[PDB]
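Here is the structure we will look at, set down as structure tokens.
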Amino acid sequence: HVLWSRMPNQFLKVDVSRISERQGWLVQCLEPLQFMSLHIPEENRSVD
Amino acid sequence: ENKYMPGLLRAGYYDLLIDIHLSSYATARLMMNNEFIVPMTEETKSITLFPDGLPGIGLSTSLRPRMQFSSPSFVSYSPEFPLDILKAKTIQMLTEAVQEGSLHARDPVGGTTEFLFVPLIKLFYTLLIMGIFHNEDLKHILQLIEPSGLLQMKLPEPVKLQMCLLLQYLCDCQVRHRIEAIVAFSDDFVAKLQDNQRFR
Amino acid sequence: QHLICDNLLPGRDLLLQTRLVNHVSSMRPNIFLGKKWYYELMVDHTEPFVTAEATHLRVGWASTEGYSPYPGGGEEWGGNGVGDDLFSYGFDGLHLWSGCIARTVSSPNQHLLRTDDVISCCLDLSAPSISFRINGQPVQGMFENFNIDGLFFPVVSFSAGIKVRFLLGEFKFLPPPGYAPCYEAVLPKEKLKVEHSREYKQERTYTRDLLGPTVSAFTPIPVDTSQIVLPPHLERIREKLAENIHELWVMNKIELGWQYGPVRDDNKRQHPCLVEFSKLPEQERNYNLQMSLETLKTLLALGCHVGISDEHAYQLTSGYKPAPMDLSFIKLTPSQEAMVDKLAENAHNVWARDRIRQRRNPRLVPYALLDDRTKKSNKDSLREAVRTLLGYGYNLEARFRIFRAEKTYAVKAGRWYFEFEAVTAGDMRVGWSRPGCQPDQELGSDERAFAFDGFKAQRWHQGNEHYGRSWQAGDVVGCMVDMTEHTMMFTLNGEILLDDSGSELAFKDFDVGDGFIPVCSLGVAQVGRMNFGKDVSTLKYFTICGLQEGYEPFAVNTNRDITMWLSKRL
Amino acid sequence: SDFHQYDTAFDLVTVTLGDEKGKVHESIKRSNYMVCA
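Residue numbers (the authors' numbering), protein chains in the order written: chain A, 1593 to 1640; chain B, 1690 to 1741, 1747 to 1770, 1778 to 1849, 1893 to 1944; chain C, 629 to 662, 671 to 805, 810 to 856, 861 to 957, 970 to 1014, 1027 to 1066, 1084 to 1255; chain D, 1448 to 1459, 1465 to 1484, 1486 to 1490.
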């Protein structure tokens, strides 16, 4: 294995519902959303 | 729920949920759907024979033995799962598949229409046999299919093969309903006949 | 069947094991930090269990070069704390992560992240002193010996039905360990805008558009001016320049009602250096003599010829009134006014280096990153000093993103269409390719890709070929493969781009191999959108060219979006 | 496995504990990772 610079990875069709402000910086993300993800064990890293 | 899950993988997990959970109580009732051993109780006495047809009339007599699910525990026998969460998803999944199929989308969820429909209907059919879908959900399934639609469509080969087996238990629901009817007659008839047995 | 299990399945590593994970939403509040720093955070909603998971709420730091938070797409089940640049904190059992290692530093509470807690954060410049606090209670100092490349920024990452708070200044709670609040680096020119952290995508109004990738120790250091030799040919003109620079500085004051006085007092309007260049001695007049020598030395620092090209050449004040020249009529070159900004930058960085010793005066930053009002007084000293040289006649002469759609929709038959509505201009290579295109190479630079760098106008099969036009911000590109007659057409807002060989067909007479994939690129910091049907009315120029020539949008087929791929910066 | 440093270099990592103030609680770990000549 060689650390090659780049290989394709997904757009991840649904990610985030972020909300923030100015006076107090009221940070907010709302929707509970999950992966269909695995990890390959013997060269350990996780993909979906 | 996954849409951008691949085609192969779609078929697998649907089979797992069968084979991990549903399969044993499903095949339990496959044998017993041909047996037809019924009591002579009052609910068996009643059954109508008719709409005053409809296959999903759930007057739901003769035995067809009951599934008993053991919770997955490692302190020590049929692994347990959310049956009732699942059943609402499946009607949701069918109407996600029928409507997108009836509008003819060629996205399809697996990649081919095979994996779009087959392993859902397989999941449906296995769930169909097991005596779930209380009898207004099955009316929605008939509204989805008869319509009195999925069956209207062109389907590929193993797709309609699965619809074929789907339709078979639907015919078997007609069969049991007629058998539950003829016992309803005969319990009334023999009690008239046993009088004529003893005028002697 | 029992025996298949025991030899394979409890070992857990030979098969590809899987588990649901909540979609990690990562953020950042816009502002790089590279002094001793400090910020605060209060929690408002958690919902610690809305899934069969303890919902995560991680707090820490990360670098710019490193930490590309592709969502759940790095190490073991993704998220925060996973990087060697990530140092996250805060959870059920508060303790940290470093490379996603749940080491178990204790606390005086051992309390869950609930809707009440106030998180107190810190960091130093060149000291890796990172240790956080809950409601201002010490959590047993943790982090040491980490490298500093780029400028570290607050992170907070989480996923549930959550609202929380930063507290930046609009505080609610602030002890002083380390110290400087995070409102201190809002200054330079930028406002605050809190974003979703590094963001290959962003979700917008039409459909989702594409951002990629990014552009990245701020200590002020001037260039040395004393190790530069001025010949005695130039010392006399420099003393003529110092004689001009002293009396214009005398004329610069007295317009505001000043006068000569032995007491160096500014409220009494009396200043000891308004009397002549000759009468003030060479430590009192050296405020104008040495500063005109070191300016012409800083002229020779940046590689400029400050030499004899031409011969060197009114409100009555209250103590000294000469008349040098008419200086602002002689127009300075753009190389000469840039040196006036260099004389403004080099001299002010000397004061910023000399005030390293002297707490923390508000102008202790380099000349470029401070506000434009402190830039005015430093330039107007050197813009008029540049007018003394041109007035006396002395000339001064001074990685990428790859995008492709879903391989299942590597379409192979028919006349197809998509469009590329383009937002920001740069390296924007747009087109089609076979699925064999390595994203590990740069885009269009091979035999399998038929691309078009929109801006710069050049199209891409096996390198350069110029063509077409360069688009202006808000132009639809449009790409059109004919799979039958193996041609490919380009437009620009429904206006078909001609060859430089004399035809409308851009890429002509290929062969259909394994399908063709819709393909776009991004340069350093450019933004673009790829709309693939779904809203056929939003196809802005498919209605003009398209429907006529019988092309096909993509999501006439589908009902789902096309999940594209990019090659990661990681 | 967590390594994404595509540079030609020596780049990278220690954690300390506390005992409610510390007083030592220092030595835990170093790796990130390893370099020879």
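Ideal Cβ positions, reconstructed from N, Cα and C, are used throughout, including at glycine.
Quiz prompt | Given 8 Å, three or more beta-carbon pairs between the region 1802-1817 of chain B and the region 1691-1701 of chain B | solution = yes
Quiz item: Would you call the region 865-878 of chain C and the region 993-1006 of chain C touching, i.e. three or more CB-CB distances under 8 Å?
Solution: yes
Quiz item: In chain order, what residues of the region 1466-1479 of chain D put their CB closer than 9 Å to some CB of chain C?
Solution: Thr1466, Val1467, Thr1468, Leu1469, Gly1470, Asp1471, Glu1472, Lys1473, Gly1474, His1477 and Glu1478
Practice problem: Apply the 10 Å Cβ neighbour rule to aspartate 753 of chain C and answer buried if 16 or more other Cβ atoms are within range, or exposed otherwise. | Solution: Position 117 of the third sequence, counted from the first residue, corresponds to residue 753 of chain C. Per the 10 Å Cβ criterion, buried.
Quiz item: Around the C-beta of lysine 1790 of chain B, are 16 or more other C-beta atoms found within 10 angstroms, so that it is buried, or is it exposed?
Solution: As a position in the second sequence, residue 1790 of chain B is number 89, starting the count at 1. When all chains shown are included, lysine 1790 of chain B counts as exposed.
Practice problem: Mind listing the chain A neighbours of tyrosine 1486 of chain D? Cutoff is C-beta to C-beta under 8 Å, in chain order. | Solution: For the purposes of this step, residue 1486 of chain D is taken as residue 33 along the fourth sequence, with counting starting at 1. Simply none; closest approach about 13 Å.
Exercise. Give the DSSP bridge partners of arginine 1114 of chain C, in chain order.
Key: Start at 1 with the first residue of the third sequence, and residue 1114 of chain C comes out as number 429. DSSP output for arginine 1114 of chain C lists C/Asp1138 as bridge partner(s).
Exercise. Specify, as a first and last residue, the run of the beta strand (DSSP E) that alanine 1191 of chain C falls within.
Key: Here residue 1191 of chain C corresponds to residue number 506 of the third sequence, with the count starting at 1. Segment 1190-1193, the beta strand (DSSP E) holding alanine 1191 of chain C.
Quiz item: Is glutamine 746 of chain C near the ligand SAM, in the sense that its beta carbon is under 7 Å from a heavy atom of that ligand?
Solution: In terms of ligand content, the structure shown is empty, and the ligand SAM therefore cannot be addressed.
Self-check item: Delimiting residues of the alpha helix (DSSP H) encompassing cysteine 1915 of chain B
Solution: For this step, residue 1915 of chain B is matched to residue 171 along the second sequence. From DSSP, the alpha helix (DSSP H) with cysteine 1915 of chain B extends over 1901-1941.
Exercise. Mind listing the chain D neighbours of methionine 1174 of chain C? Cutoff is C-beta to C-beta under 8 Å, in chain order.
Key: Here residue 1174 of chain C refers to the residue found at position 489 when the third sequence is read from its first residue. In chain order: nothing, as chain D lies at least about 38 Å away.
Exercise. For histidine 1477 of chain D, collect the residues of the same chain with a Cβ closer than 7 Å to its Cβ; drop the 5 residues on either side in sequence, then sort them by chain order.
Key: Here residue 1477 of chain D corresponds to residue number 25 of the fourth sequence, with the count starting at 1. Excluding residues within five positions, the ones whose Cβ falls inside 7 Å are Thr1468, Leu1469, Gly1470 and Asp1471.
Quiz item: Closest Cβ-Cβ distance between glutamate 1801 of chain B and chain C: below 8 Å?
Solution: Indexing the second sequence from 1 puts residue 1801 of chain B at position 100. Yes, its Cβ sits closer than 8 Å to a Cβ of chain C.
Quiz item: Should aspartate 1138 of chain C be labelled buried (16 or more other beta-carbon atoms within 10 Å of its own) or exposed?
Solution: Start at 1 with the first residue of the third sequence, and residue 1138 of chain C comes out as number 453. Looking at its Cβ environment, which holds 16 or more other Cβ atoms inside 10 Å, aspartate 1138 of chain C is buried.
Quiz item: At least one CB of chain E closer than 8 Å to the CB of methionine 1794 of chain B: is that the case?
Solution: No chain E is part of this structure, whose protein chains are labelled A, B, C and D.
Exercise. Check the DSSP bridge columns for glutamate 835 of chain C and list the partner residues they point to.
Key: In the third sequence, counting from the first residue as 1, residue 835 of chain C sits at position 195. In the DSSP output, where bridge partners are listed per residue, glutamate 835 of chain C has C/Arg656.
Exercise. Using a Cβ cut-off of 9 Å, pull out every chain C residue sitting near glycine 1812 of chain B, in sequence order please.
Key: The residue given as residue 1812 of chain B occupies position 111 in the second sequence. Correct list: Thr1093.
Quiz item: When Cβ atoms are compared, which residues of the region 1704-1717 of chain B fall closer than 7 Å to chain A?
Solution: none
Quiz item: Checking contacts by CB at 8 Å: is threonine 847 of chain C closer than that to chain A?
Solution: The count along the third sequence starts at 1 and reaches residue 847 of chain C at position 207. Not one chain A Cβ lies under 8 Å of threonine 847 of chain C.
Quiz item: How is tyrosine 1778 of chain B classed by DSSP in three states: helix, strand or coil?
Solution: As a working mapping, residue 1778 of chain B is identified with position 77 in the second sequence. Reduced to three states, the DSSP call for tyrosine 1778 of chain B is coil.
Quiz item: Of the residues that make up the region 1621-1637 of chain A, which ones have a beta carbon closer than 8 Å to any beta carbon in chain D?
Solution: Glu1635, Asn1636 and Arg1637
Quiz item: To which residues of the same chain is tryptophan 733 of chain C closer than 6 Å at the C-beta, ignoring the five residues directly before and after it?
Solution: Along the third sequence, one-based indexing puts residue 733 of chain C at 97. For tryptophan 733 of chain C, where only same-chain residues beyond five positions count, the Cβ hits under 6 Å are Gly717 and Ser724.
Quiz prompt | Beta carbon proximity, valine 855 of chain C to chain D, threshold 8 Å | solution = Reading the third sequence from its first residue, position 215 is the one you call residue 855 of chain C. No, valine 855 of chain C lies away from the interface with chain D (no Cβ there is under 8 Å from its Cβ).
Quiz item: With 16 as the cutoff for other CB atoms within 10 Å, does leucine 1064 of chain C come out buried or exposed?
Solution: As a working mapping, residue 1064 of chain C is identified with position 396 in the third sequence. Classification of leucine 1064 of chain C: buried, given that the 10 Å Cβ count is 16 or more.
Exercise. List the residues of chain C whose Cβ lies closer than 7 Å to the Cβ of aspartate 1808 of chain B, in chain order.
Key: Sequence index remark: in the second sequence, residue 1808 of chain B carries index 107 (1-based). Within 7 Å Cβ-Cβ: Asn1242, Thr1243, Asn1244 and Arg1245.
Quiz item: Quick one, which residues of the region 1601-1620 of chain A are near chain C if we go by CB-CB under 9 Å, in chain order?
Solution: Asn1601, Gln1602, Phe1603, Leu1604, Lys1605, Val1606, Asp1607, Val1608, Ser1609, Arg1610, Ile1611, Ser1612, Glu1613, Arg1614, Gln1615, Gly1616, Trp1617, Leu1618, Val1619 and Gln1620
Quiz item: Can you round the beta-carbon distance between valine 1162 of chain C and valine 1115 of chain C to whole angstroms, since I take them to be within the 8 Å contact cut?
Solution: Numbered from its first residue, the third sequence carries residue 1162 of chain C at position 477. Numbered from its first residue, the third sequence carries residue 1115 of chain C at position 430. Indeed, because the Cβ distance is near 5 Å, the residues count as touching under 8 Å.
Quiz item: Taking all protein chains shown into account, do 16 or more other C-beta atoms lie within 10 angstroms of the C-beta of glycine 1231 of chain C, making it buried, or fewer, making it exposed?
Solution: To locate residue 1231 of chain C, count along the third sequence from 1; it is residue 546. So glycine 1231 of chain C ends up on the buried side.
Self-check item: Inter-residue Cα distance where the pair is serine 1803 of chain B and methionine 1897 of chain B
Solution: As a first step, residue 1803 of chain B must be located in the second sequence, where it is residue number 102. As a first step, residue 1897 of chain B must be located in the second sequence, where it is residue number 153. Rounded to the nearest angstrom, the two C-alpha atoms are 7 Å apart.
Practice problem: Look at the Cβ atom of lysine 977 of chain C, then the Cβ atom of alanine 820 of chain C, and state whether they are nearer than 8 Å. | Solution: The sequence position of residue 977 of chain C within the third sequence is 321, counting from 1. The sequence position of residue 820 of chain C within the third sequence is 180, counting from 1. No. Outside cutoff.
Quiz item: What do you get for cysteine 1908 of chain B, buried or exposed, if any count of 16 or more other CB atoms within 10 angstroms of its CB means buried?
Solution: What you label residue 1908 of chain B is simply residue 164 of the second sequence in a count that begins at 1. The residue in question, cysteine 1908 of chain B, is exposed, as its Cβ has fewer than 16 Cβ neighbours within 10 Å.
Exercise. Could you tell me the distance, in whole angstroms, from the CA atom of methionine 1628 of chain A to the CA atom of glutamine 1793 of chain B?
Key: Along the first sequence, read from residue 1 onward, the residue named residue 1628 of chain A stands at position 36. Along the second sequence, read from residue 1 onward, the residue named residue 1793 of chain B stands at position 92. Taking the straight line joining both Cα atoms gives about 20 Å.
Exercise. Excluding the 5 residues preceding and the 5 following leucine 1839 of chain B in the sequence, name in chain order all residues of the same chain whose CB lies nearer than 7 Å to its CB.
Key: Against the second sequence, residue 1839 of chain B aligns to sequence position 138. Within the same chain, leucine 1839 of chain B has close Cβ partners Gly1750.
Practice problem: Inspect the beta-carbon positions of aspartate 849 of chain C and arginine 1245 of chain C and report whether they are closer than 8 Å. | Solution: Residue numbering aside, residue 849 of chain C sits at position 209 when the third sequence is read from its first letter. Residue numbering aside, residue 1245 of chain C sits at position 560 when the third sequence is read from its first letter. Not closer than 8 Å, so no.
Self-check item: Start and end residues, beta strand (DSSP E) containing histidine 731 of chain C
Solution: On the third sequence, position 95 is the one that residue 731 of chain C refers to. Unbroken run through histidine 731 of chain C: none, as it is neither H nor E.
Exercise. Could you say which of B/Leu1706, B/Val1919 and B/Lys1734 lies nearest to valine 1934 of chain B if we only look at CA atoms?
Key: Here residue 1934 of chain B refers to the residue found at position 190 when the second sequence is read from its first residue. Here the closest residue by C-alpha is B/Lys1734.
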